[PDB]
Amino acid sequence: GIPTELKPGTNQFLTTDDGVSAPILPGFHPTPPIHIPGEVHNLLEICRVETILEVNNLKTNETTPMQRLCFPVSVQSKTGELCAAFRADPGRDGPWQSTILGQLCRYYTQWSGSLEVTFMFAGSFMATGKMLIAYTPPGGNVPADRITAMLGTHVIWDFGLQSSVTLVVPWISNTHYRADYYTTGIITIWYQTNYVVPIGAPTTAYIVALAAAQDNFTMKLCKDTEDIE
Amino acid sequence: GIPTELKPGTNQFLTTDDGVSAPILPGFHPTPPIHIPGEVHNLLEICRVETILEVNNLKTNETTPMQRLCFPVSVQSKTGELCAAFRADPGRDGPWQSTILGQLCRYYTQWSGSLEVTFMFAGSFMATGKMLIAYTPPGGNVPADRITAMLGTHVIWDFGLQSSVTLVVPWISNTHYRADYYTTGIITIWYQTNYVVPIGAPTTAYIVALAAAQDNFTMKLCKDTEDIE
Amino acid sequence: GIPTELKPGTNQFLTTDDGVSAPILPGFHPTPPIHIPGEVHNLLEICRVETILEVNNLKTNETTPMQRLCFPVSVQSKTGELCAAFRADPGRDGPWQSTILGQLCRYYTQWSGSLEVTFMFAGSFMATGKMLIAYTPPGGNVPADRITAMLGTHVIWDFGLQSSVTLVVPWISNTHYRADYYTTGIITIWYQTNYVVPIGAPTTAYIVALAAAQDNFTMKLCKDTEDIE
Amino acid sequence: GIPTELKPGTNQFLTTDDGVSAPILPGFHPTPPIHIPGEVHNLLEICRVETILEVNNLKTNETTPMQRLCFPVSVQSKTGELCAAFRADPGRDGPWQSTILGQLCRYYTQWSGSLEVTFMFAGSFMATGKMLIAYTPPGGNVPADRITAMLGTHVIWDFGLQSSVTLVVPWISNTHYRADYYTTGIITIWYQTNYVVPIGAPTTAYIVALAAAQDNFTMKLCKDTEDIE
Amino acid sequence: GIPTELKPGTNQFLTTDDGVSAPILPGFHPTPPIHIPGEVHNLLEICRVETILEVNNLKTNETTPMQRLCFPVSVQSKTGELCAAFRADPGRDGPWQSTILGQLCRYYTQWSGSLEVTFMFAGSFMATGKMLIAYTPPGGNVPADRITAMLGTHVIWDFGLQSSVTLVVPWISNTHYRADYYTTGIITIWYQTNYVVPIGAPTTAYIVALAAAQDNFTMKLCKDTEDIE
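- Per the deposited record, cryo-EM is how this structure was determined, to a resolution of 6.50 Å.

### Points about the overall build of chain A
Inference 1: Across its full length, chain A carries three helices and 11 strands.
Inference 2: Beginning at the N terminus, the succession of helices and strands in chain A can be written as β-α-β-β-β-α-β-β-α-β-β-β-β-β.
Inference 3: The C-alpha radius of gyration computed for chain A amounts to 25 Å, which surpasses the reference 17 Å derived for 229 residues by more than 25%, pointing to a less compact arrangement than a globule.
Inference 4: Seen through its principal axes, chain A has C-alpha atoms that stretch 95 × 45 × 35 Å.

### Comments concerning the interface of chain E and chain C
Many authors give the size of an interface as the accessible area that is lost as the parts come together.
Inference 1: With 13 residues of chain E at the interface, the matching set in chain C holds 22 residues.
Inference 2: Here chain E packs against chain C, burying approximately 1,400 Å² in sum over the two surfaces, 58% of which is carbon and sulfur.
Inference 3: Its largest share of buried area at the contact with chain C, chain E owes to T4, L6 and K220 of chain E, together 31% of the area lost on that side.
Inference 4: At the surface where chain E touches chain C, the tally comes to one salt bridge.
Inference 5: For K7 of chain E, the salt bridge is made with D17 of chain C, and the minimal N-O distance between the two is 3.4 Å.
Inference 6: Our enumeration of links across chain E and chain C arrives at 10 residue pairs in polar contact.
Inference 7: Per element, the largest residue contribution to the side of chain E that touches chain C is five residues, and it comes from strand 1 (residues 2-6) of chain E.
Inference 8: Looking at the side of chain E that touches chain C, its residues break down into six nonpolar, three polar and four charged.
Inference 9: With three bridges connecting them, strand 1 (residues 2-6) of chain C and strand 1 of chain E associate as parallel partners. Directly across from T4 of chain C, in strand 1 of chain E, lies its bridge partner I2 of chain E.

### Re the relation of the copies chain D and chain A
Inference 1: For the pair chain D and chain A, the best superposition has an RMSD of 0.0 Å and corresponds to a rotation of 72 degrees with a translation of 0.0 Å parallel to the axis. Taken together, the rotation and translation describe the operation of a five-fold axis. Residue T4 of chain D of chain D places its C-alpha closer to the rotation axis than any other residue of that unit, at 5.6 Å.

### Some words on the sheet that holds strand 1 (residues 2-6) of chain B
Sheets are built from strands that pair by backbone hydrogen bonding, the pairs being arranged parallel or antiparallel.
Inference 1: Strand order around the closed barrel formed by five strands is 1(A)-1(B)-1(C)-1(E)-1(D), with parallel pairing between neighbours. If you compare each strand with its neighbour and ignore which way they point, the axes differ by 55 degrees on average.

### Considerations on the pattern of salt bridges
All names here are of chain A.
Inference 1: The tally for this structure, following the rule as stated, stands at 45 salt bridges over all chains.
Inference 2: Here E226 ties to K223 by a salt bridge, and the two come within 3.2 Å at their closest N and O atoms.
Inference 3: Using a relative accessible area of 45% as the deciding quantity, one classes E226 as partly exposed.
Inference 4: Exposure remark for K223: the relative accessible area of 31% places this residue in the partly exposed category.

### A closer look at the interface of chain D and chain A
Inference 1: Listed per partner, the contact involves 22 residues of chain D and 13 residues of chain A.
Inference 2: Roughly 1,400 Å² of surface becomes buried between chain D and chain A when both sides are summed, with 58% attributable to carbon and sulfur atoms.
Inference 3: Taken together, chain D and chain A are joined by one salt bridge.
Inference 4: Along the contact surface separating chain D from chain A lie 10 residue pairs in polar contact.
Inference 5: A per-class count over the side of chain D that touches chain A returns 12 nonpolar, seven polar and three charged.

### As for the packing of aromatic side chains
Inference 1: One pass over the full model with this rule turns up 30 aromatic pairs over all chains.
Inference 2: Here the aromatic rings of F121 of chain E and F159 of chain E are separated by 4.2 Å at their centres, their planes lie at 15 degrees, and the arrangement is stacked. Of this pair, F121 of chain E sits in strand 5 (residues 108-121) while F159 of chain E sits in the loop between strand 7 (153-158) and strand 8 (164-172), and the two are 38 residues apart along the sequence. We note that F121 of chain E, like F159 of chain E, is buried.
Inference 3: In this structure an aromatic cluster arises from ring pairing among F119, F121, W157, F159 and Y195 of chain A.

### Some thoughts on the environment of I187 of chain E
Inference 1: Locating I187 of chain E in the fold gives a position in strand 9 (residues 186-191).
Inference 2: If we skip the residues at most four places from it in the chain, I187 of chain E touches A84, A85, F86, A88, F119, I133, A134, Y135, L167 and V169 of chain E.

### Considering the sheet that holds strand 9 (residues 186-191) of chain B
All names here are of chain B.
Inference 1: Strand order in the open sheet formed by four strands is 4-9-6-7, with antiparallel pairing between adjacent strands. With partners counted over all chains shown, the strands left at the sheet margins are strand 4 (82-87) and strand 7 (153-158), one partner each. Strand-to-strand twist in this sheet, taken as the mean axis angle between neighbours without regard to direction, amounts to 15 degrees.
Inference 2: Two elements, strand 6 (residues 130-136) and strand 7, share six bridges in a ladder whose sense is antiparallel. Bridge pairing links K130 to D158 in strand 7.

### Remarks on a nonpolar patch on the surface
Inference 1: A surface patch of nonpolar side chains, amounting to about 320 Å² of accessible area, comprises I2 of chain A, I2 of chain B, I2 of chain C, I2 of chain D together with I2 of chain E.
Inference 2: Here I2 of chain C is to be found in strand 1.

### Some details on the state of the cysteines
Inference 1: Scanning the entire structure with this criterion turns up zero disulfides over all chains.
Inference 2: Looking at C105 of chain D, it has no disulfide partner, and the nearest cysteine sulfur is the one in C47 of chain D, 6.3 Å off.

### A short note on the side chain of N61 of chain A
All names here are of chain A.
Inference 1: With respect to the secondary-structure elements, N61 resides in the loop between strand 2 (51-52) and strand 3 (70-74).
Inference 2: At 3.2 Å, the side chain of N61 and the side chain of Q67 are in polar contact.
Inference 3: If we skip the residues at most four places from it in the chain, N61 touches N56, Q67 and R68.

### Overview of unusual backbone geometry
Inference 1: A positive phi angle, close to 65 degrees, is found at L221 of chain D, a residue other than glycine.
Inference 2: Residue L221 of chain D is classed as partly exposed on the basis of its relative accessible area, which comes to 28%.

### Details of the side chain of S74 of chain C
Residues and elements named next belong to chain C.
Inference 1: With respect to the secondary-structure elements, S74 resides in strand 3 (residues 70-74).
Inference 2: Looking at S74, its side chain comes within polar contact range of the side chain of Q76, at 2.7 Å.
Inference 3: Look past the residues within four positions of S74 in its chain and what remains in contact with it is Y191, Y195, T203 and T204.

### Points about the environment of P23 of chain A
Inference 1: Tracing the chain through its elements places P23 of chain A in the loop between strand 1 (2-6) and helix 1 (44-47).
Inference 2: Not counting the four nearest positions on each side in its chain, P23 of chain A is found in contact with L14 and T16 of chain B.

Parameters at a glance
Per-chain numbering applies: from 1 upward along each written sequence, possibly unlike the entry's numbering, with residues missing coordinates excluded. Labels are handed out in written order, letters beginning with A for the chains and numbers beginning with 1 for the ligands. What is shown is a subset of a larger assembly, and the numbers refer only to that subset. Derived side-chain values reflect all non-hydrogen atoms in the structure, with water molecules and hydrogen atoms excluded from consideration. Only DSSP runs of H or I reaching four residues or more are called helices, and only runs of E reaching two or more are called strands; each is numbered from the N terminus. Each radius of gyration reported is based on C-alpha atoms, and the globular scaling rule is 2.2 Å times the count of residues to the power 0.38. Any pair of residues with heavy atoms lying within 4.5 Å of one another is described as a contacting pair. As a working definition, buried area equals the accessible area (1.4 Å probe) given up by two parts on being put together, with both sides summed. By definition, a salt bridge exists where a carboxyl oxygen of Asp or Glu is found within 4 Å of a side-chain nitrogen of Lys or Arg. Polar contact is the term for a pair of N or O atoms within 3.5 Å; when the atoms are in protein, one must be able to donate a hydrogen and the other to accept it, and sequence-neighboring residues count only if both atoms are side-chain atoms. Throughout this entry, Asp, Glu, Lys and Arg are counted as charged residues, while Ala, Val, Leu, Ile, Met, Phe, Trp, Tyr, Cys and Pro are counted as nonpolar. The remaining residues, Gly among them, count as polar. When DSSP locates at least two bridges between a pair of strands, those strands are taken to pair. Their C-alpha atoms serve as the basis for the least-squares superposition of the copies. A fitted line through C-alpha atoms serves as each axis, taken over the contacting stretch for helices, and the angle formed by two N-to-C directions is quoted from 0 to 180°. Only protein chains enter the calculation, and the probe is 1.4 Å; a residue is then buried if its accessible area is under 20% of its type maximum, exposed if over 50%, and partly exposed in between. Pairing of aromatic rings covers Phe, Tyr and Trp, the last through its six-membered ring, and needs centres within 6.5 Å; plane angles under 30 degrees mean stacked, over 60 mean edge-to-face, and all others mean tilted. Patches were defined on residues exceeding 30% relative accessible area and lacking a salt bridge, with like-charge contacts within 9 Å and nonpolar side-chain contacts (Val, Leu, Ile, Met, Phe, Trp, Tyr) within 5 Å. The protein chains shown are the only cover counted for residues, whose accessible areas, like all others here, come from Shrake-Rupley with a 1.4 Å probe. Defined by distance alone, a disulfide is two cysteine sulfur atoms within 2.5 Å.

Below, the structure written as structure tokens:
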């Protein structure tokens, strides 16, 4: 016979070894496949899909969760006051947990790329006004007033002209540190002008926030989530 | 020597593994083969052969089984009355158990294709009349009267003209469900006209039913039968 | 290393396995061969050689075995009487055991082919007469008289003309059955004429029988003999 | 299966065997590399770098080690007297231990090649004088006076002209013997002239010694050092 | 993995198996070789070298062994008398044990070829005379007198003309038999003429015997000797 020498690692079962096992049923011809639309090949295909951000994730909402899907604007708000704010942390807890992206991020250890957040205005066709959207880069001081936010990366959104507007988070990474000191970029929504509306129209309307990863987004190192029990 | 690593599955005996064993008698030259007509290569060759259906499988027959091989028609029967009925269930119990097809179906788990049932009339050459053969598609209501059966897939058979006629079950599948709700297609034989005969001829004749699978018939997943003990 | 899986049959020693073992003395160069006439390659070469049949295997011979090598003819014998008889059963007990062929047949399980038996006459050059040799095919009734033997396959041998004559058993097979019913072909030697001799010559002479397998003879399935102890 | 025979050495783990093991994480794509200047490929690249010799390794220095990095010359010294002396023994204890070369030599068993020692003069730009550097070949008597040293391989160094001078140890080997009798080449620094200086300049200056292996230097047979604990 | 089957001989260590083992030090580059004159490739190179035969191996010599290296001739010896005698048995005990050939023969089991024995005369340049050398073939009667030896293979050696002469043993083999009956060829040295010498020259001189195997000499089957303890 052929002189062989068993080397270390013989007889071991590695749950990640990718070998070939004996077919239990050699004579069986599995039912052949047909065409089913919507086949997915890579999870990133799913991450590029906009899902709803629960920006309005208040403790008082928990019992009427349907209200977390959108936040509001109103006439009472004065020009220049802060409307809402949240950071762009897909993996971490918070608004992003509701998105398909943030849920899949938990299934991985590292990730990086651009993100795009879309804002949709639902109020009466008769309403008009301007909101100021601002992205404060990582390791930056959250804007104090409307005027400072304006000096940074921002977008004046006139919902009297566009019912929707999209912002792009240029770049994110994620590093675990703990037992803080970390801080990723911060989106802040400001009232540039107050909410203007004629007689006969609701004086309180809602904004819906959707988000998704762009093409350059990628992830590595799998790890089962902690989202279930 | 050659560095090898034994992988999981070493030393196991799989009754379905298809390996090569050492020839017990290496010097032996087995007697060479000759030509024997009728070599069979695939069981389906056998399934395409018409065998006799025991349509007349009555509890009162059991002691004189030879009578199950054929059912009868007579003068007493009135025009339009139901003569016989059975479904096209090769694998299941019933008339099909007598056929070579139904016996081989038990040796498998799944099957599908077309079937063809042939009816032969044995009565006196002097007899004439018309029988109506009808196939009621799967999940269909068995014909109530001759007239409704006529509206479905049917064949007016005049045994005064043709001593034999063949019907084709377009398509069958089989799904186990149980402990009903399943129902495959139903062949129904009706008296279109009464049995006509002159003086001197038997007033009771018999029909013989033969059946076989067509070419598109196929089976998969072997399993030892329950027909023996 | 190379992923391998030990299959059933590992570690077994099959006395008929034909493998390769490690040379006990790798540096040794065995004495080279020279030419020795008479090299044998196949046992059948030996079977084609005529050896002496002990046709005269009487219980009264055992103490003077040299007499089994030949039987006799004499003047006392009357025209038409049976001289000797034996069957063509190489493997079985009897006259054939003395031949090299019958001895080698015991070393095998099956065999078939033609055989040739030669008869040699040793008496005085002055003697003359005719003997009738007859082969009675397998499953045939042994000749009752000279006349019937003559109607079957036979040879009129005039030892006044030929000192030797050869007969050919067309075909033999062998089937074990037992604990008869089997019977292979039967050679019968008859006196066609009486033994004629002048004054001065011995009135009793001997015939020697030699036999061998022809070219079409072959054997299969080895098995140690029962000839030794 | 394939007939194999396990040979001696099966199941052994040799700490120096260079095999291939199963990748613990087959789906992982390690972060790709980028360019980092200063990649090292062979330790000899480091050995060709001049490092400081602690020629002034006195027992009285130990508490002010910074003084071992350089030895001195002064006016008090008379023409012809010995300034310093040490041998060219990279691996062994002594001045060479401070060099990167001598430290790496301990990580090996054998070595051989040329070495180059550089001497740098740090005193006032106004000082002048001549030092005599001499290499006494292996198995040679260390020079007794300046005059004999001059007859051997030497270099008259005028630090009034050159602030630095380099000497080349032609060849070294190393052989362990012990429990001496071994002796490698000996560098001796002599005062050819006394230290000359004008009014206003320090009357004591220092020499710094740097050394490195040349290109032909090579080492073999690794062995963990004894420099740590 | 690859289906393999361990065959008999697995896990065995055969001291003569010629396999490949793992290099204990894979990174080590052994010191390279240089040219050393006198490399030997085959032991037969050594066997072709003449070494001194201890023909004069007397029991009385043992305490002054230097005398075994040569035997003598003298004036007292009468014309025709036997001078010395020994056989050509390299492997066996006796004179041949002193030769390099006989010592190496013990390291083997079989051998065969030609041998050549050289005789050298050391006496005074003034001496003359003739010696008769005779080889008595294996299985031959040792010569009784000078005259019979002369009739066989012989050489008349006149040491007044040639100071040396060489004899060739045409062929030897060796067969162990024992617990004689064996006998290989016998060299016999005779005095053809007496030793002649003038006044002033020694009346006793010595002959030195050297022997070696020729080119056709070869050996097979190694076996450790019995020459040491």
